[PDB]
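1. Sequence, then the experimental structure. Questions to follow.
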Amino acid sequence: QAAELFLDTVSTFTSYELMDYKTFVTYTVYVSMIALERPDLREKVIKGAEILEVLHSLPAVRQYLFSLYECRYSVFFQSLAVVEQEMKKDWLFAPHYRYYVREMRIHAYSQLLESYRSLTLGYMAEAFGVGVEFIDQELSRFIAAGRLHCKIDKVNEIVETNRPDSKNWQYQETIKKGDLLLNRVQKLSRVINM
Amino acid sequence: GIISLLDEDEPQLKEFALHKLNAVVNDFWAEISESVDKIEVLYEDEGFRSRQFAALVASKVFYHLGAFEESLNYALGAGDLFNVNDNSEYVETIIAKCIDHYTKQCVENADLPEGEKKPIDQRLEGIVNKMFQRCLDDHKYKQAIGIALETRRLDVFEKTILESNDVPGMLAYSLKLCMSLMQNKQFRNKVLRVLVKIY
Amino acid sequence: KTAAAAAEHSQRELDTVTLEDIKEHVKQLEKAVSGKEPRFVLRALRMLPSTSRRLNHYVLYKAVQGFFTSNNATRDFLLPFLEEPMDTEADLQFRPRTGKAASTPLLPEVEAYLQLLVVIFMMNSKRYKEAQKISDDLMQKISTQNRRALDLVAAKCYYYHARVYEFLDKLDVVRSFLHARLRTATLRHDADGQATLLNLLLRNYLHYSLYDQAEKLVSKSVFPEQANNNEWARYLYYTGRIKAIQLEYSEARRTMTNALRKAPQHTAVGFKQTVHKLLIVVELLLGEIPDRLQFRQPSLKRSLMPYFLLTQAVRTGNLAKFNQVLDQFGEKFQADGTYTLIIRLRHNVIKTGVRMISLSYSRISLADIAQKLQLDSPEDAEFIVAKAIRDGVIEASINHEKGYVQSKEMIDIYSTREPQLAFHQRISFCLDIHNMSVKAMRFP
Amino acid sequence: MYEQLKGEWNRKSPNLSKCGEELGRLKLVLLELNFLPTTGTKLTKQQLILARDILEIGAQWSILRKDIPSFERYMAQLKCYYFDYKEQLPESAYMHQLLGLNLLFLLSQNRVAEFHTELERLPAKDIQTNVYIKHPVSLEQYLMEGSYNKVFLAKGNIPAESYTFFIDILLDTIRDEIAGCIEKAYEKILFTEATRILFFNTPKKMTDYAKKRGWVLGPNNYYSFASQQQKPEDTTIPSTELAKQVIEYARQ
Amino acid sequence: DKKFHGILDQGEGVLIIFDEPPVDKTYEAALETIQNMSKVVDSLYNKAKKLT
Amino acid sequence: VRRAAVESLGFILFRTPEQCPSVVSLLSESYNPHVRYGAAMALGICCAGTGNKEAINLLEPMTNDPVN
Amino acid sequence: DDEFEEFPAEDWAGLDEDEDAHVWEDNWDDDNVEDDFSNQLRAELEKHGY
Amino acid sequence: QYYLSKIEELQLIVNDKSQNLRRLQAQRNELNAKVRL
Amino acid sequence: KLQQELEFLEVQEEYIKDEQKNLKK
Amino acid sequence: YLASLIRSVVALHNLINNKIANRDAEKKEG
């Protein structure tokens, strides 16, 4: 909801309200980064001429935004940590443990391991920073969190993903919503006959 | 569980365990409801001198289970202990079921009376006879004729008018019952033949 | 003196308002007797507790002396039992029955209500012996009179009777009364009365922890589906609690979430607290992660904060931290009766962690799982995964070489059909809705 | 009446002739008046005392003689007689230990509802003190959480009343449980795998394993048989339930 | 960017190319119908008429 | 058969004049005017000299039915 | 209308603060305790040498 | 007169059911008349 | 009196329920 | 999900509408 009503680059004042137009943009970049990973975001925000101009104004902000767009994790994680540090210095710090970096890398890891089947932990580690153990524990923590649809073959140190087909994943979504709405109609069956 | 005291091969131990079942029947239900197997063992153990009252508490077990008809059958097989007490609500329930059974059996055995009748149980006929006899002798003939007509006996109206004819308008009362209420001639013939023989 | 007089006059006016509420109740029963309608009776019983929180001994004696224009046993019982205050300046025109109204005998329904209203008033006054005597008179009168509409009254009357006897600790003695009225209800097909008596009986077995007898009776006693919503909720919760004690886990979670949904959302604060604690403990034992949105309950913050830490301990797999918090704030868990389960979760935390990590990993090392969940033993890790697979909670298998575990497979014949097979009861719900409509489309 | 309360049962009662004396005890003293009311009558209180004493003696005799019908009958009599809790009488001593043995063997009969409901009847009897009665609780706790061999070593001692045969009967339930657990979805079972790690180093248990259940021994290895199949599905019970739905909303 | 239909199996050093069947949009359309025909109605209506 | 079977029912059901209007709540209003005609005639037959007070009320709408 | 006080109604005796006083929706993972990620990545960079 | 009462209750159940069955028949009949018109 | 009165009334009403229900199809 | 449930929901809507109407009629008739 934030992004959908906040990409509008029509400011009531040239530099006011949110302390600047540059601060306005940084909020836009953060919100969009939380929003989505890489659909035709090239045609949604990257195509934005004012967007490209303000990223020219802020090189580091342009750096991580292009790093996410290019899916180059070696610079992405360092820049993502810089982003989290910057958000710490900001009063809009509400997702202190949920959606600073963990959600963005959940999107990034999903983007990475999708179109992959069995990418080795040792090589995905160096392609995504350093510390093979650090990536291994991060993957284990996020799989426990629920996202990163994959499993880890520890005896061989492999990342065997389980991406459902379009039919399979969507069928899973329908049975989930069927569960929620059976709960709903059972509640409504409670509402009746009383 | 007290079921072990009945599971012992000592007849005196069995009898001791099964005295107070008819007294704890009101308070304890779950323990007696689950003990159907034990009372079946006691019922099968007919060499023990308490077969009849074991069948009585077997009917009490089926009172707990909710099978009033099966409890009726068990107290039926006990025989003389079906009518231990004539004034209770469970007694009223079982006699009402037995009257319904007697009514159905009498109707079908009168619709097909040329032999091959379903065996009229001596034990069932005995308790039935006792129950409507006392319901006739309670000296409330505004309802004695009504329960008699519900019982559906061929000779019961004749018995009612041959006994103490309290409220002698009962003759006209049963007259209008057979004139308007009872009209299905196939089983009406019993009331009709009594009605013609008296009037 | 002006302020005190104004306050006394105002409270007397509210006392007269409550008397008019009781007078409205009397007119409701006059209409109910005229129309043979127990539904508007149910409305009267629904509206009584709303005004029940503010009554006065003097206004009760006013209603007693007014309604009992003709001398009756109810007035003779209330004269010594009801202790009205001293002389009061406020009096009302007590002449509701004149001529034929006074000549006609008292209605059994209003007699049961005055008796039930006295016993609620005695308990509000925190009296026991007089309350039990009025309640005994109520059940005696209801037993003697055999009208059909009285047993619907008798349901809630026996309900509150045994609730009083629970405070009296006669909750053991009242069992004979409960069973005797159960037999009468069985004779008269009084499903609501049956529902009340089993609920009282189950609470009796709860207070004595007589769970083996409770489960043996529940497994054989059929409960009415069309019973009252509150009685249904209490019965279902008690059934859920005893199944939880019985380790009937999937049935427990189904019953407890059904009971929570069946309870009124605006009321039943104590019932709500109990069901939150029940769902937290049972689902944590299951490993079914507790519902996070339930933590926003405004009435359960302090009780669920240690429960939140218990959830965190269950996910993590640590022992010492939650053992400390149990030693700190475990007394309320003992009062709720889940402390034996609490320790069971404390030692089944490893089982829950094994399930979650098995869902996480494809081929996890037995050494790795032992290190993760603080086993420090390859053999104990092998035993745990052996015990998980034999329980069938997870699909993790054992290969004594290194601990292999199979992965999933693409969708088969029945994997697309098990939702429709388990969900096509939609039309069964539709047909019972339609049948209820057929029952509930009376034209006049 | 009140004859030889424990005259020969305290020191040693190994003979079978004492069964007749016990039967005479049941006829005369156990059947004096009743065991139900226990309102007053301290004489009946002592009658309950002797009833519990002969029940524990019968329990010890039955567990030593290995007679399931007699032992179960004594267990049920013990439960029904103890159904009357009188707090003024001296509790414990006979209570916690016997209840632990009874519950432990009941779990060997695979009953958990009675175990937990008795635990709820005993709030602090099981957790605060009385290792006599928490020993079965600890054994079940370990046997549910993570242990097979650790359970065996834990079973090696009984603090309740010695009588280390409930551990053997639980050992018989866990050999059955282990056999089921290895008849589960396991991939392979070596002969040394079944013989060494778990238990039963080449006893008659080994012949029982090799002859009773499937998974025929290959080369020093038992292997899983045909249990998972592609199952080309005739799909007939989906048709029946579809017809059940059809008839369900073909009317009303 | 969904311009290709495959999965990169690095463990085998290959990429498994799969022909994705797109006729399964009935699935997503059905879910959208479930969402916008149930959520917008059941909660609103039966929270407005809480008492019945 | 429809008009016949909705008119020759009062011969049997005149023993229950209170049930004459009950068994025709659909016949007197049915889309078949002959069925409505039979229902009307059935109540008329089964109530010969009875002030039913209910058959009259249900037959009042049929006194002005559009079909002749 | 009654509050069903018969069931044990142990109201929460803190009455001090609402931890999630705003509309924030928490997750089971969101409440884990760590030194966020920036410090962890710095330690990762240090152990690799840069 | 108690089996009397039970038969009356079964009578009441039949009547209550037959209410909407009669009404449903009448309104569907009206619908068929409307479409014929 | 009322016994067979309600018996006959039940028989007739239970019948007419099923018969008028026969038109739902 | 979308024929049996939909029939159940619409039938439920009809019943709860009828129940509301019947309850209001019973309470406000007199």
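-> Yep, that arrived. Numbers count the residues shown, from 1 in each chain, chains lettered A, B, ... in the order given.
2. wait, does whichever strand or helix holds residue C:8 make contact with chain G?
-> In the assignment (DSSP states H and E), residue C:8 maps to helix C:2-35. No: between helix C:2-35 and chain G, judged by Cβ under 8 Å from any Cβ of the partner chain, nothing touches; the nearest distance is 13.1 Å. Every C-beta, even on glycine, is put in place using the N, C-alpha and C of the backbone.
3. next SSE after that helix?
-> Counting by DSSP H and E, what follows helix C:2-35 is helix C:38-51.
4. what angle separates that following helix from helix C:2-35?
-> Computed by axes from the mean of the first three to the mean of the last three Cα atoms, to 10 degrees, the angle separating helix C:38-51 from helix C:2-35 equals 170 degrees.
5. Now helix C:38-51: buried residues?
-> Neighbour-count burial for helix C:38-51 flags C:38, C:40-45, C:48 (criterion: 16 or more other Cβ atoms under 10 Å in any protein chain shown).
6. elements contacting the helix or strand just after that helix?
-> Counting by DSSP H and E, the next helix or strand C-terminal to helix C:38-51 is helix C:57-67. Other helices and strands packing on helix C:57-67, by 3 or more Cβ pairs under 8 Å, 6 or more residues apart in numbering or on different chains; DSSP states H and E, are helix C:2-35, helix C:73-81, helix C:108-124.
7. In CSV, list those helices along with mean neighbour count.
-> Converted to CSV, those look like this (neighbours: other Cβ atoms under 10 Å in any protein chain shown):
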stretch, mean neighbour count
helix C:2-35, 14
helix C:73-81, 15
helix C:108-124, 21
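8. Dump those helices into TSV; add distance to chain A as well.
-> Below are the helices and strands packed on helix C:57-67 laid out as TSV (distance: least, Cβ to the nearest Cβ, whole Å):
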stretch	distance to chain A
helix C:2-35	20
helix C:73-81	33
helix C:108-124	22
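9. The helix holding residue C:8 close to chain J?
-> Yes: Helix C:2-35 is in contact with chain J by Cβ under 8 Å from any Cβ, via residue C:31.
10. Of all residues in chain E, which one is closest to chain A?
-> residue E:11 (3.3 Å; Cβ to the nearest Cβ).
11. ok, whatever residue of the stretch 151-300 of chain C ends up closest to chain H - how many residues close by?
-> Here the residue of the stretch 151-300 of chain C nearest chain H is residue C:189; by Cβ to the nearest Cβ that distance is 8.1 Å. By the measure other Cβ atoms under 10 Å in any protein chain shown, the count of residues near residue C:189 is 14.
12. Contact partners for it?
-> Listed by Cβ atoms under 8 Å, 6 or more residues apart in numbering or on different chains, the contact set of residue C:189 is empty.
13. which element is the residue of chain H found nearest chain E on?
-> Per Cβ to the nearest Cβ, residue H:20 is where chain H lies closest to chain E, at 18.8 Å. Following DSSP H and E, the helix or strand that holds residue H:20 is helix H:2-36.
14. That helix near chain J at all?
-> No: Helix H:2-36 lies apart from chain J when judged by Cβ under 8 Å from any Cβ; the minimum separation is 9.6 Å.
15. That helix vs chain B: in contact?
-> Yes: applying Cβ under 8 Å from any Cβ, one finds helix H:2-36 touching chain B at H:2-3.
16. what helices or strands is that helix leaning on?
-> Packing partners of helix H:2-36 (3+ Cβ pairs under 8 Å, 6+ apart): helix B:89-111, helix C:426-439, helix I:2-21.
17. buried sites along it?
-> For helix H:2-36, the neighbour count (16+ other Cβ under 10 Å) marks H:4, H:7-8, H:11, H:14-15, H:17-22, H:24-26, H:29 as buried.
18. Residue of chain B closest to chain C, please.
-> Nearest residue of chain B to chain C: residue B:30, at 3.6 Å (Cβ to the nearest Cβ).
19. if I pick that residue, what's in contact with it?
-> Residue B:30 makes contact with C:213-214, C:216-217, C:220 under the criterion Cβ under 8 Å, 6+ apart.
20. Can you lay out those residues as JSON lines showing neighbour count and distance to chain A?
-> Below are the contacts of residue B:30 laid out as JSON lines (neighbours: other Cβ atoms under 10 Å in any protein chain shown; distance: Cβ to the nearest Cβ, whole Å):
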{"residue": "C:213", "neighbour count": "19", "distance to chain A": "30"}
{"residue": "C:214", "neighbour count": "26", "distance to chain A": "25"}
{"residue": "C:216", "neighbour count": "19", "distance to chain A": "29"}
{"residue": "C:217", "neighbour count": "21", "distance to chain A": "25"}
{"residue": "C:220", "neighbour count": "14", "distance to chain A": "25"}
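21. Tell me the spatial nearest neighbour of the one residue in chain I that gets nearest to chain G, not counting adjacent residues.
-> Across chain I, the shortest distance to chain G (Cβ to the nearest Cβ) belongs to residue I:17, at 39.0 Å. In this structure, residue I:17 finds its nearest non-sequential neighbour in residue H:18, 4.1 Å apart by Cβ to Cβ, 6 or more residues apart in numbering or on different chains.
22. Before I go, just wanted to say thanks for your time.
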